[PDB]
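> Contents of upload_31.cif (mmCIF, N, CA and C atoms and all ligand atoms):
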```
data_run
#
loop_
_atom_site.label_atom_id
_atom_site.label_comp_id
_atom_site.auth_asym_id
_atom_site.auth_seq_id
_atom_site.Cartn_x
_atom_site.Cartn_y
_atom_site.Cartn_z
N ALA A 1 140.56 -100.88 65.98
CA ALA A 1 140.65 -102.11 65.21
C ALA A 1 140.20 -103.30 66.06
N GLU A 2 141.07 -103.74 66.96
CA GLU A 2 140.74 -104.80 67.91
C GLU A 2 140.50 -104.28 69.32
N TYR A 3 141.19 -103.22 69.72
CA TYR A 3 141.10 -102.71 71.08
C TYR A 3 140.88 -101.20 71.04
N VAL A 4 140.21 -100.69 72.07
CA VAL A 4 139.95 -99.27 72.21
C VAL A 4 140.36 -98.83 73.60
N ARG A 5 140.55 -97.52 73.76
CA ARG A 5 140.83 -96.91 75.05
C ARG A 5 139.78 -95.83 75.31
N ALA A 6 139.23 -95.83 76.52
CA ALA A 6 138.13 -94.93 76.85
C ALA A 6 138.65 -93.52 77.05
N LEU A 7 137.95 -92.54 76.47
CA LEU A 7 138.29 -91.13 76.61
C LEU A 7 137.61 -90.46 77.79
N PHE A 8 136.53 -91.05 78.30
CA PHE A 8 135.79 -90.50 79.42
C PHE A 8 135.37 -91.64 80.33
N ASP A 9 135.07 -91.30 81.58
CA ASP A 9 134.33 -92.22 82.43
C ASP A 9 132.93 -92.41 81.88
N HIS A 10 132.38 -93.60 82.09
CA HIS A 10 131.03 -93.91 81.63
C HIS A 10 130.31 -94.75 82.67
N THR A 11 129.10 -94.34 83.02
CA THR A 11 128.29 -95.06 83.99
C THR A 11 127.42 -96.09 83.29
N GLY A 12 127.43 -97.32 83.80
CA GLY A 12 126.66 -98.38 83.19
C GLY A 12 125.17 -98.11 83.24
N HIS A 13 124.45 -98.76 82.32
CA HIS A 13 123.00 -98.60 82.22
C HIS A 13 122.46 -99.47 81.09
N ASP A 14 121.16 -99.37 80.83
CA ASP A 14 120.49 -100.20 79.83
C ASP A 14 120.13 -99.39 78.59
N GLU A 15 120.01 -100.10 77.47
CA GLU A 15 119.41 -99.58 76.26
C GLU A 15 118.43 -100.63 75.75
N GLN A 16 117.41 -100.19 75.03
CA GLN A 16 116.35 -101.08 74.60
C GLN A 16 116.54 -101.48 73.14
N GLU A 17 116.19 -102.73 72.84
CA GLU A 17 116.19 -103.24 71.47
C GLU A 17 114.79 -103.16 70.90
N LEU A 18 114.67 -102.62 69.70
CA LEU A 18 113.37 -102.50 69.06
C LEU A 18 112.73 -103.87 68.91
N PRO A 19 111.45 -104.01 69.23
CA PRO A 19 110.70 -105.15 68.72
C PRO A 19 110.30 -104.88 67.28
N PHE A 20 110.25 -105.95 66.49
CA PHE A 20 109.79 -105.79 65.12
C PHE A 20 109.26 -107.11 64.60
N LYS A 21 108.51 -107.02 63.51
CA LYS A 21 107.86 -108.15 62.87
C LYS A 21 108.58 -108.51 61.58
N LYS A 22 108.50 -109.78 61.20
CA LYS A 22 109.09 -110.22 59.95
C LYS A 22 108.57 -109.36 58.80
N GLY A 23 109.49 -108.88 57.97
CA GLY A 23 109.15 -108.07 56.83
C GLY A 23 109.06 -106.58 57.10
N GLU A 24 109.16 -106.17 58.36
CA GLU A 24 109.04 -104.76 58.70
C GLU A 24 110.24 -103.97 58.21
N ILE A 25 110.01 -102.72 57.82
CA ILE A 25 111.05 -101.84 57.31
C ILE A 25 111.52 -100.92 58.43
N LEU A 26 112.83 -100.68 58.47
CA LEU A 26 113.43 -99.86 59.51
C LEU A 26 114.47 -98.95 58.89
N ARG A 27 114.56 -97.73 59.41
CA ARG A 27 115.58 -96.77 58.99
C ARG A 27 116.75 -96.85 59.96
N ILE A 28 117.96 -96.86 59.42
CA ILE A 28 119.17 -96.91 60.23
C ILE A 28 119.54 -95.50 60.66
N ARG A 29 119.78 -95.31 61.95
CA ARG A 29 120.24 -94.03 62.48
C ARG A 29 121.77 -94.02 62.40
N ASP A 30 122.32 -93.09 61.63
CA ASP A 30 123.74 -93.11 61.29
C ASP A 30 124.54 -91.96 61.90
N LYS A 31 123.95 -91.17 62.79
CA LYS A 31 124.73 -90.14 63.45
C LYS A 31 125.82 -90.79 64.30
N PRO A 32 127.01 -90.20 64.37
CA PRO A 32 128.11 -90.83 65.12
C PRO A 32 127.76 -91.17 66.56
N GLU A 33 127.11 -90.26 67.29
CA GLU A 33 126.81 -90.52 68.69
C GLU A 33 125.81 -91.65 68.89
N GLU A 34 125.25 -92.21 67.82
CA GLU A 34 124.30 -93.31 67.94
C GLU A 34 124.92 -94.65 67.59
N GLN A 35 126.22 -94.70 67.32
CA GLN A 35 126.89 -95.93 66.94
C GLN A 35 127.44 -96.64 68.17
N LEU A 36 127.26 -97.95 68.22
CA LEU A 36 127.72 -98.73 69.34
C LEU A 36 128.53 -99.92 68.86
N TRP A 37 129.41 -100.39 69.74
CA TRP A 37 130.15 -101.63 69.56
C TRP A 37 129.90 -102.54 70.74
N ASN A 38 130.09 -103.83 70.51
CA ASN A 38 130.14 -104.81 71.58
C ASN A 38 131.58 -104.90 72.08
N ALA A 39 131.75 -104.85 73.39
CA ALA A 39 133.09 -104.84 73.97
C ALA A 39 133.15 -105.76 75.18
N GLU A 40 134.38 -106.07 75.58
CA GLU A 40 134.68 -106.87 76.76
C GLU A 40 135.78 -106.14 77.53
N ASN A 41 135.65 -106.08 78.85
CA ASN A 41 136.63 -105.37 79.65
C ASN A 41 137.64 -106.34 80.27
N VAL A 42 138.57 -105.77 81.04
CA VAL A 42 139.67 -106.54 81.61
C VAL A 42 139.18 -107.71 82.45
N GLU A 43 137.99 -107.59 83.03
CA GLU A 43 137.46 -108.61 83.93
C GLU A 43 136.49 -109.56 83.24
N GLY A 44 136.39 -109.50 81.91
CA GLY A 44 135.52 -110.40 81.19
C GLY A 44 134.08 -109.97 81.10
N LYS A 45 133.73 -108.78 81.60
CA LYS A 45 132.37 -108.30 81.49
C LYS A 45 132.12 -107.81 80.07
N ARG A 46 130.99 -108.20 79.49
CA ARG A 46 130.62 -107.85 78.13
C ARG A 46 129.49 -106.84 78.14
N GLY A 47 129.48 -105.97 77.14
CA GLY A 47 128.45 -104.95 77.06
C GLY A 47 128.72 -104.01 75.90
N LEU A 48 127.76 -103.10 75.69
CA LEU A 48 127.83 -102.15 74.60
C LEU A 48 128.60 -100.91 75.03
N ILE A 49 129.26 -100.28 74.06
CA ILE A 49 129.97 -99.03 74.28
C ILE A 49 129.68 -98.09 73.13
N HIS A 50 129.67 -96.80 73.43
CA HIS A 50 129.50 -95.79 72.40
C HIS A 50 130.83 -95.48 71.74
N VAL A 51 130.85 -95.55 70.41
CA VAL A 51 132.09 -95.32 69.67
C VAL A 51 132.68 -93.96 70.02
N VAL A 52 131.84 -92.93 70.12
CA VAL A 52 132.35 -91.58 70.33
C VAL A 52 133.02 -91.40 71.69
N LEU A 53 132.85 -92.34 72.62
CA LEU A 53 133.45 -92.21 73.93
C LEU A 53 134.80 -92.91 74.05
N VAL A 54 135.30 -93.52 72.97
CA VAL A 54 136.55 -94.26 73.01
C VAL A 54 137.37 -93.91 71.76
N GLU A 55 138.60 -94.41 71.73
CA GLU A 55 139.49 -94.21 70.61
C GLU A 55 140.19 -95.53 70.30
N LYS A 56 140.61 -95.68 69.05
CA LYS A 56 141.36 -96.87 68.66
C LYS A 56 142.65 -96.96 69.46
N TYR A 57 142.86 -98.11 70.09
CA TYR A 57 144.09 -98.41 70.82
C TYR A 57 144.94 -99.42 70.07
N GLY A 58 144.35 -100.56 69.71
CA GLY A 58 144.96 -101.55 68.85
C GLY A 58 143.89 -102.32 68.09
N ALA B 1 122.00 -100.09 53.62
CA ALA B 1 122.55 -98.76 53.43
C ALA B 1 121.84 -97.75 54.32
N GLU B 2 120.64 -97.36 53.92
CA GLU B 2 119.80 -96.48 54.72
C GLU B 2 118.64 -97.20 55.39
N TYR B 3 118.10 -98.23 54.76
CA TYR B 3 116.94 -98.94 55.27
C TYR B 3 117.20 -100.43 55.26
N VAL B 4 116.55 -101.14 56.19
CA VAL B 4 116.66 -102.59 56.28
C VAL B 4 115.26 -103.18 56.36
N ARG B 5 115.17 -104.47 56.06
CA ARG B 5 113.93 -105.23 56.20
C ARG B 5 114.19 -106.42 57.12
N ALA B 6 113.29 -106.64 58.07
CA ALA B 6 113.49 -107.67 59.08
C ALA B 6 113.24 -109.05 58.48
N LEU B 7 114.13 -110.00 58.77
CA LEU B 7 114.00 -111.37 58.32
C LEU B 7 113.24 -112.26 59.29
N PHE B 8 113.14 -111.85 60.55
CA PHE B 8 112.44 -112.61 61.57
C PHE B 8 111.67 -111.65 62.45
N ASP B 9 110.67 -112.19 63.15
CA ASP B 9 110.08 -111.46 64.26
C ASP B 9 111.11 -111.33 65.37
N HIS B 10 111.02 -110.23 66.12
CA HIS B 10 111.94 -109.99 67.23
C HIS B 10 111.18 -109.36 68.39
N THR B 11 111.36 -109.93 69.58
CA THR B 11 110.72 -109.43 70.79
C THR B 11 111.60 -108.40 71.46
N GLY B 12 111.01 -107.26 71.81
CA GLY B 12 111.78 -106.20 72.44
C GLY B 12 112.33 -106.61 73.79
N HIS B 13 113.39 -105.91 74.20
CA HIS B 13 114.05 -106.18 75.46
C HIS B 13 115.22 -105.22 75.67
N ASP B 14 115.97 -105.40 76.75
CA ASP B 14 117.07 -104.51 77.10
C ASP B 14 118.42 -105.17 76.86
N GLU B 15 119.42 -104.32 76.65
CA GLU B 15 120.82 -104.72 76.69
C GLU B 15 121.56 -103.71 77.55
N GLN B 16 122.66 -104.15 78.15
CA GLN B 16 123.38 -103.30 79.09
C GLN B 16 124.62 -102.69 78.43
N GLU B 17 124.91 -101.44 78.81
CA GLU B 17 126.12 -100.75 78.37
C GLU B 17 127.19 -100.88 79.44
N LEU B 18 128.39 -101.26 79.02
CA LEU B 18 129.48 -101.42 79.96
C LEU B 18 129.75 -100.11 80.68
N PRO B 19 129.93 -100.13 81.99
CA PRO B 19 130.58 -99.00 82.65
C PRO B 19 132.08 -99.10 82.45
N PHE B 20 132.73 -97.95 82.35
CA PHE B 20 134.18 -97.96 82.24
C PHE B 20 134.74 -96.63 82.72
N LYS B 21 136.04 -96.65 82.98
CA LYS B 21 136.77 -95.50 83.50
C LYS B 21 137.65 -94.91 82.41
N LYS B 22 137.91 -93.60 82.52
CA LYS B 22 138.79 -92.94 81.57
C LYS B 22 140.12 -93.68 81.50
N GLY B 23 140.57 -93.95 80.28
CA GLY B 23 141.83 -94.63 80.06
C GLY B 23 141.75 -96.14 80.04
N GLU B 24 140.60 -96.72 80.36
CA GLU B 24 140.46 -98.16 80.41
C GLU B 24 140.52 -98.76 79.00
N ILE B 25 141.08 -99.96 78.91
CA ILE B 25 141.24 -100.67 77.64
C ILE B 25 140.11 -101.68 77.49
N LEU B 26 139.59 -101.80 76.28
CA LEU B 26 138.48 -102.70 76.00
C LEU B 26 138.73 -103.42 74.69
N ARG B 27 138.32 -104.68 74.63
CA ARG B 27 138.41 -105.48 73.41
C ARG B 27 137.07 -105.43 72.70
N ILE B 28 137.09 -105.23 71.39
CA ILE B 28 135.87 -105.18 70.59
C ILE B 28 135.47 -106.60 70.22
N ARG B 29 134.21 -106.94 70.45
CA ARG B 29 133.66 -108.23 70.04
C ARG B 29 133.15 -108.09 68.61
N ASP B 30 133.73 -108.86 67.69
CA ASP B 30 133.50 -108.65 66.27
C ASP B 30 132.73 -109.80 65.60
N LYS B 31 132.21 -110.75 66.36
CA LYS B 31 131.40 -111.79 65.75
C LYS B 31 130.14 -111.16 65.15
N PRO B 32 129.67 -111.65 64.00
CA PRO B 32 128.50 -111.03 63.36
C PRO B 32 127.28 -110.92 64.26
N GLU B 33 126.95 -111.98 65.01
CA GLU B 33 125.75 -111.94 65.84
C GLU B 33 125.85 -110.95 66.99
N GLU B 34 127.00 -110.31 67.18
CA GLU B 34 127.15 -109.32 68.24
C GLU B 34 127.11 -107.89 67.73
N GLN B 35 126.86 -107.69 66.44
CA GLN B 35 126.83 -106.36 65.86
C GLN B 35 125.43 -105.78 65.90
N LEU B 36 125.33 -104.51 66.27
CA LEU B 36 124.05 -103.85 66.37
C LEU B 36 124.07 -102.53 65.61
N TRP B 37 122.88 -102.11 65.20
CA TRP B 37 122.65 -100.80 64.62
C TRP B 37 121.57 -100.09 65.41
N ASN B 38 121.60 -98.76 65.33
CA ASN B 38 120.50 -97.94 65.81
C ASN B 38 119.49 -97.78 64.69
N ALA B 39 118.21 -98.00 65.01
CA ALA B 39 117.17 -97.97 64.00
C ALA B 39 115.95 -97.22 64.52
N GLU B 40 115.08 -96.85 63.58
CA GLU B 40 113.81 -96.21 63.85
C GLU B 40 112.75 -96.93 63.03
N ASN B 41 111.58 -97.18 63.63
CA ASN B 41 110.54 -97.90 62.93
C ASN B 41 109.50 -96.94 62.36
N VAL B 42 108.48 -97.51 61.72
CA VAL B 42 107.46 -96.73 61.02
C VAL B 42 106.78 -95.74 61.95
N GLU B 43 106.71 -96.05 63.24
CA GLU B 43 105.99 -95.21 64.19
C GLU B 43 106.91 -94.28 64.96
N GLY B 44 108.17 -94.16 64.55
CA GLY B 44 109.09 -93.25 65.21
C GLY B 44 109.77 -93.80 66.44
N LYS B 45 109.56 -95.07 66.78
CA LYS B 45 110.23 -95.65 67.92
C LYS B 45 111.67 -95.97 67.56
N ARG B 46 112.60 -95.61 68.44
CA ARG B 46 114.02 -95.79 68.22
C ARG B 46 114.55 -96.90 69.13
N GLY B 47 115.55 -97.62 68.64
CA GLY B 47 116.11 -98.71 69.41
C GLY B 47 117.16 -99.46 68.61
N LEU B 48 117.80 -100.41 69.29
CA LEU B 48 118.86 -101.20 68.69
C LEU B 48 118.28 -102.40 67.97
N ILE B 49 118.98 -102.83 66.92
CA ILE B 49 118.62 -104.02 66.18
C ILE B 49 119.88 -104.82 65.89
N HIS B 50 119.72 -106.14 65.83
CA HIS B 50 120.83 -107.01 65.47
C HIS B 50 120.95 -107.10 63.96
N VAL B 51 122.15 -106.85 63.45
CA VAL B 51 122.38 -106.86 62.01
C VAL B 51 121.96 -108.19 61.41
N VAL B 52 122.28 -109.30 62.08
CA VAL B 52 122.01 -110.61 61.50
C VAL B 52 120.53 -110.92 61.37
N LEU B 53 119.66 -110.13 62.00
CA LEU B 53 118.22 -110.39 61.91
C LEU B 53 117.54 -109.59 60.82
N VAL B 54 118.28 -108.79 60.04
CA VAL B 54 117.69 -107.96 59.00
C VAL B 54 118.55 -108.05 57.75
N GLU B 55 118.06 -107.44 56.68
CA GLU B 55 118.77 -107.40 55.41
C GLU B 55 118.66 -105.99 54.84
N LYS B 56 119.64 -105.63 54.00
CA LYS B 56 119.59 -104.33 53.34
C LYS B 56 118.36 -104.24 52.46
N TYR B 57 117.59 -103.18 52.65
CA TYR B 57 116.42 -102.86 51.84
C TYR B 57 116.68 -101.69 50.92
N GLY B 58 117.14 -100.57 51.49
CA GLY B 58 117.61 -99.42 50.74
C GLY B 58 118.64 -98.65 51.55
CU CU C 1 123.66 -94.95 75.11
CU CU C 2 117.18 -109.22 70.76
CU CU C 3 120.66 -108.75 71.73
CU CU C 4 125.84 -94.67 78.02
#
```
Output the structure of this file as structure tokens.

Amino acid sequence: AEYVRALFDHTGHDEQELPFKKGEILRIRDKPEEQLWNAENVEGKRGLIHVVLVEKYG
Amino acid sequence: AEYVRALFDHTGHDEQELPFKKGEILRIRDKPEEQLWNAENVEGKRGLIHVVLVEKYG
């Protein structure tokens, strides 16, 4: 809901954002392992996390 | 739902994934401009897109 707890260790890294043009059509990838959230950790660092690697905490 | 249409041009680039440890607690950032989807374009390129920059097409 508001908070999650990590089920595994995870090593930081980058992911790329698609470039696209106005009016371009895109298909959404809906497999669970491809879903991400924006998160913030105890030290204020912000970044993406994979939903499948965490669980609802609060 | 399944497909989106881009409302603006968007230049490709990277975003970082948080590193975290098993059991660590994280807060989810829920502002609209921080939400992303996984998408695929006409040429098979895969990448992240910002929800606020597109609209439901199909
Ligand atoms: Cu990833
Ligand atoms: Cu961007
Ligand atoms: Cu971005
Ligand atoms: Cu990762």
> Give the residue list for ligand CU 3 (chain C) at 7 Å, counting all atoms listed in the file, as a count of residues only, sorted by chain and then by residue number.
3
> Find the distance between CA of residue 26 in chain A and atom CU of ligand CU 2 (chain C) and write it in Å to one decimal.
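About the pair CA of residue 26 in chain A and atom CU of ligand CU 2 (chain C): they are 15.1 Å apart.
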> Give me, as a list in words, the set of residues whose atoms come within 6.5 Å of any atom of ligand CU 4 (chain C), counting only N, CA and C atoms and all ligand atoms.
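Residues satisfying the distance criterion: residues 10, 11, 12, 13 and 50 of chain A; 17 of chain B.
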> Might you pull out every residue within 6 Å of residue 24 in chain B, with all atoms listed in the file counted and same-chain residues fewer than 6 positions away left off, and present them as a list in words?
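Using all atoms listed in the file, the neighbours found are residues 4, 5 and 6 of chain A.
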> Those selected residues, please, written with N, CA and C atoms and delivered as a PDB file, keeping the file's coordinate frame.

```pdb
ATOM      1  N   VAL A   4     140.210-100.690  72.070  1.00  0.00           N
ATOM      2  CA  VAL A   4     139.950 -99.270  72.210  1.00  0.00           C
ATOM      3  C   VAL A   4     140.360 -98.830  73.600  1.00  0.00           C
ATOM      4  N   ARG A   5     140.550 -97.520  73.760  1.00  0.00           N
ATOM      5  CA  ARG A   5     140.830 -96.910  75.050  1.00  0.00           C
ATOM      6  C   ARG A   5     139.780 -95.830  75.310  1.00  0.00           C
ATOM      7  N   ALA A   6     139.230 -95.830  76.520  1.00  0.00           N
ATOM      8  CA  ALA A   6     138.130 -94.930  76.850  1.00  0.00           C
ATOM      9  C   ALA A   6     138.650 -93.520  77.050  1.00  0.00           C
TER      10      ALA A   6
END
```
> In Å to one decimal, how far is CA of residue 9 in chain A from CA of residue 54 in chain A?
9.9 Å
> What's around residue 34 in chain B at 8 Å? Count all atoms listed in the file, leave out sequence neighbours fewer than 5 positions away in its own chain, and write the answer as a PDB file with N, CA and C atoms, in the frame of the given file.

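Saved file around_22.pdb follows:
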```pdb
ATOM      1  N   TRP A  37     129.410-100.390  69.740  1.00  0.00           N
ATOM      2  CA  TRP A  37     130.150-101.630  69.560  1.00  0.00           C
ATOM      3  C   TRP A  37     129.900-102.540  70.740  1.00  0.00           C
ATOM      4  N   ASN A  38     130.090-103.830  70.510  1.00  0.00           N
ATOM      5  CA  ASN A  38     130.140-104.810  71.580  1.00  0.00           C
ATOM      6  C   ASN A  38     131.580-104.900  72.080  1.00  0.00           C
ATOM      7  N   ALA A  39     131.750-104.850  73.390  1.00  0.00           N
ATOM      8  CA  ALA A  39     133.090-104.840  73.970  1.00  0.00           C
ATOM      9  C   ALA A  39     133.150-105.760  75.180  1.00  0.00           C
TER      10      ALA A  39
ATOM     11  N   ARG B  29     134.210-106.940  70.450  1.00  0.00           N
ATOM     12  CA  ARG B  29     133.660-108.230  70.040  1.00  0.00           C
ATOM     13  C   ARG B  29     133.150-108.090  68.610  1.00  0.00           C
ATOM     14  N   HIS B  50     119.720-106.140  65.830  1.00  0.00           N
ATOM     15  CA  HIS B  50     120.830-107.010  65.470  1.00  0.00           C
ATOM     16  C   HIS B  50     120.950-107.100  63.960  1.00  0.00           C
ATOM     17  N   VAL B  51     122.150-106.850  63.450  1.00  0.00           N
ATOM     18  CA  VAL B  51     122.380-106.860  62.010  1.00  0.00           C
ATOM     19  C   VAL B  51     121.960-108.190  61.410  1.00  0.00           C
ATOM     20  N   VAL B  52     122.280-109.300  62.080  1.00  0.00           N
ATOM     21  CA  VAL B  52     122.010-110.610  61.500  1.00  0.00           C
ATOM     22  C   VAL B  52     120.530-110.920  61.370  1.00  0.00           C
TER      23      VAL B  52
END
```
> Kindly give the distance, in Å, that separates atom C of residue 1 in chain B and atom C of residue 58 in chain B, rounded to a single decimal.
4.3 Å
> Counting all atoms listed in the file, which of A:48, A:43, A:8, A:19 gets nearest to ligand CU 1 (chain C)?
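Among the listed residues, A:48 lies closest to ligand CU 1 (chain C).
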> Pick the closest to chain B from A:33, A:49, A:44, A:55: which is it, counting all atoms listed in the file?
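Using all atoms listed in the file, chain B sits closest to A:49.
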> Can you list, as a list in words, all residues belonging to chain A that DSSP tags as strand (DSSP E or B)?
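Listing strand (DSSP E or B) positions across chain A yields residues 3, 4, 5, 6, 10, 13, 14, 15, 16, 17, 20, 25, 26, 27, 28, 29, 36, 37, 38, 39, 40, 46, 47, 48, 49, 50, 54, 55 and 56 of chain A.
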> Just asking: which residues within chain B are helix (DSSP H, G or I) according to DSSP, as a ChimeraX atom specification?
/B:32-34,51-53
> Nearest to residue 7 in chain A among A:35, A:53, A:41, A:22, with distances taken over only N, CA and C atoms: which residue is it?
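Comparing A:35, A:53, A:41, A:22 against residue 7 in chain A, the winner is A:53.
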> For each of A:3, A:16, A:28, A:23, take the minimum atom-to-atom distance to residue 40 in chain A, counting only C-alpha atoms, then give the residue where this is smallest.
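Among the listed residues, the smallest separation from residue 40 in chain A belongs to A:3.
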